[PDB]
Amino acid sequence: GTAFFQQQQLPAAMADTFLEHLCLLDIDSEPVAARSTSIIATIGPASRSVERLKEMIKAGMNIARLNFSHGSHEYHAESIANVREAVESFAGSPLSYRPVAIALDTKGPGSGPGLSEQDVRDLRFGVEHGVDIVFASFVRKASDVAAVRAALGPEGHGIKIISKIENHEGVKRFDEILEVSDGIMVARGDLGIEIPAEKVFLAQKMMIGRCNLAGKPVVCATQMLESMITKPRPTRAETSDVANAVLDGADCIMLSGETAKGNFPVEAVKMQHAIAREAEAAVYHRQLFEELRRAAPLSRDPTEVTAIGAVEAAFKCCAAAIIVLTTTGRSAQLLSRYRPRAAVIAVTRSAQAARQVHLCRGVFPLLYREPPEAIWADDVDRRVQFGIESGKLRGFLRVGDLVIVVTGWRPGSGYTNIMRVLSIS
């Protein structure tokens, strides 16, 4: 229908140049796709109550950040318990349950050369409390990431380490840091004090670009909606900043004081949700997909090969979604690196993977709770139907839509190799 092609900036998406794409952007072309950039909300006195946390989950919070620069272990354990209580209050409806990751943001090295003794204690607390992600403060070199990894020990091998780049050395040694990290956070607060303020946008754009090229999550952080700490509406520079972080290629956008101590924590989440949805429809996928395809090296890994074939197939038919079965989240991450317009619905039995895939733009995790079927092919089909039923309930899919389904040839992580075109009935 004609109406389909008038929505989600589809006239601007069909443009032959980026300049023409900009000219065709329409404030009346409503976004239809689900919001794909994750919202990280920092937990504090304004967002700690179980009832307030339920409102924030409904508004769109995907990751709960615990800032270990403030508060004791007792304070953070209570925050964790309140987050988990608010998250599990929706578990009664498995088709609409939304997993929420828990990220521990470290205090940092301070004047010392490497890992502080408080960071070692806080990291062990994170492992003991089952945190999903570590936002490692002031990472300056690859050995800083290795020290964080060693402090997590053998039980914390599954925790994702997102390195915070906050100073000149971190920016200069970026490639070596990204190589050993699971992702990056552009920590603009400290970065804007360590380097000239007028240069922070160059560091942000460079880091987002390099993370997109590497296929690793990148978080844009600090003062995105600062004025909303005390005011109900953000400034014109703030909405522009959020939209441009998404247009730059950020996987995640963050709220610090806006949710930790502000008067509008839920409204700050709703604002980031609204801007991100508008900005994602304004992404010029024609150039972005071509450039990601061109920049990506040849690969003999079947997951990587299946992912690009599936994204190409999704664009060919305007698939509403790519439904992927994943154990670690990796198959969903490799799909996400090609920035499909289709939602990546990731069906998993791992509660930790369902939480961690929020780091990857466009990945919508579904936690499947049923015990495995005796016949593995039936177990596989049941999970794909779970992804379809949740997708229909949430508005991702309708009858008549085409979906791309991504599976593997045997159970266990690392064997994704199949892509199939499916019609929604």
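Superpose the two forms; the largest set of C-alphas matching within 1.5 Å is the rigid core. We number the residues from 1 along the sequence you see.
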query	finding
More shifted region, core-based fit in 9 other deposited structures of this protein, 146-154 vs 93-101 by CA	93-101
Between 356-364 and 371-379, the one whose CA atoms sit farther away in 9 other deposited structures of this protein (rigid core aligned)	371-379
Of 157-165 and 116-124, the stretch whose C-alpha atoms average the higher B-factor in the entry	116-124
Entry-level comparison of average CA B-factors, 145-153 and 272-280, reporting the higher stretch	145-153
Of the residues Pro302, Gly262, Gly110, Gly249, the one carrying the largest Cα B-factor as recorded	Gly110
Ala237, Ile80, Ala136, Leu298, ranked by C-alpha B-factor: the highest one	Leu298
Ranked C-alpha temperature factor of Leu292 among modelled chain residues, by third	highest
CA B-factor placement of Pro217, once the chain's modelled residues are sorted into thirds	lowest
Third assignment of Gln223 from its chain's C-alpha B-factors	middle
Chain-wide C-alpha B factor ranking for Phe396, given as lowest, middle or highest third	highest
Relative C-alpha B-factor of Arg188, binned into the chain's lowest, middle or highest third	middle
